[PDB]
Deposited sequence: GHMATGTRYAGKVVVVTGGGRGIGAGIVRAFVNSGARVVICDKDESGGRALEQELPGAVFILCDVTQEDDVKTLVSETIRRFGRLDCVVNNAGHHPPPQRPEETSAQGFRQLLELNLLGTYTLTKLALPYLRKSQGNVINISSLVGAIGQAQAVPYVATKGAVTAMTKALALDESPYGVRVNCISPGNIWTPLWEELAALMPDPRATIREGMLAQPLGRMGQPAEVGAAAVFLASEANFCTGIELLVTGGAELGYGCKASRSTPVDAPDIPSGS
C-alpha cells in the first residue's frame, strides 16, 4: 500500500526494465498503464497483473502519446507518476560508422519521446503533486565505447531531468532519473548474441561490476517506487543502480 490509490504510466513496459517497474508499482498498490510499441509482452502482462492495463503507443508519435494521456485520465481519473523507460541501445558502432541520420532517430526515441510524454502529462501531475522518473544510463555520466549516439542521448536525459526539476519545483512536481548499469534484459541478450563470442561478452558484463553480477529489472523497479512514493525531498537527482561499476580502476611506462 506504499503507493495505493495512485496511477502510473510506464513507457516501454512490455519487457525488460519497464516490465520490472510495472510489477513493482502494481505490488505497491498502484494502477499501472503499460505503454509499449509492441503488443506481445505488454498484453500478456495486462492479463497477468490485476491493476495493470496495456495501451499500444509509440512514444515517437505525438498523437500516440496524446491518446495515451487522455485514455489514462478517461479510464482512471488522475495521473501521479510517469516513468519514461522506453529507449534503445544500437549495436556497438565505431564513430566513423555512425550517421547523423541514425543519431537523429535515436534522439527521437531516447530523448524526445521522454520530452513529449512529460510535457503532455505535466498539467495532470501538477494537479496530483505527482512526479516524473526518467530512465537514463550510467554511461551518460562516464561514457561507453562504440556508442557515441547512445551516450549523447543519455547525457541529455540526465541533464534535462535537472532542468525540468528546477522549472517544476514551484508547483510541487518532482523530476528525477535512475541511471542503471548492466541490467540483464532482452536487449542485453540480443546485443550479446550479435557479438562473435556472446558468452565472453556476458562474462565481461557481469564482471564490470564489483558485485560480480548484472542487475535485475526488479531492482530498478524498487528504486522507481522509492522515488515515487518515499523520496519527497528528492528532485533532480540521478539515482545510480549499477552494482558499483563506476567505482575504482579497471581495464580500459609513461611514454
### Message
Give me the ranges of the deposited sequence that have no CA atoms here, in sequence order.
### Response
1-6, 259-270, 274
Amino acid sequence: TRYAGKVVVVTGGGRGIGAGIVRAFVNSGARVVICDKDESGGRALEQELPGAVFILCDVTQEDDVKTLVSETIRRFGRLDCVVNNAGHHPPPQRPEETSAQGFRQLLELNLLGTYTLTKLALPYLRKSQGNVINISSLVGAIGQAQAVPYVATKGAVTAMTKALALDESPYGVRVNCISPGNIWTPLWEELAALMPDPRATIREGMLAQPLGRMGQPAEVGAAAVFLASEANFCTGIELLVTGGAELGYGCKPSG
From here on, numbers count along this sequence of modelled residues.
### Message
Mean CA temperature factor from the deposited coordinates, higher in 183-191 or in 196-204?
### Response
196-204
### Message
So, looking at the entry's B-factor column for Cα atoms, which has the higher mean, 222-230 or 33-41?
### Response
33-41
### Summary
Top Cα B-factor in this entry, restricted to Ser137, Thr98, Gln144, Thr114, sits on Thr98
### Query
Lowest, middle or highest third of the chain for the C-alpha temperature factor of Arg174?
lowest
### Message
Ranking the modelled residues of this chain by C-alpha B-factor as given in the entry, is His88 in the lowest, middle or highest third?
### Response
middle
### Ranked against its chain, the third holding the CA B-factor of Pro149
middle
### Message
Sorting by Cα B-factor within the chain, modelled residues only, which third would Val8 end up in: lowest, middle or highest?
### Response
lowest
### Summary
Here the Cα B-factor of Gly102, set against its chain, lands in the third termed highest
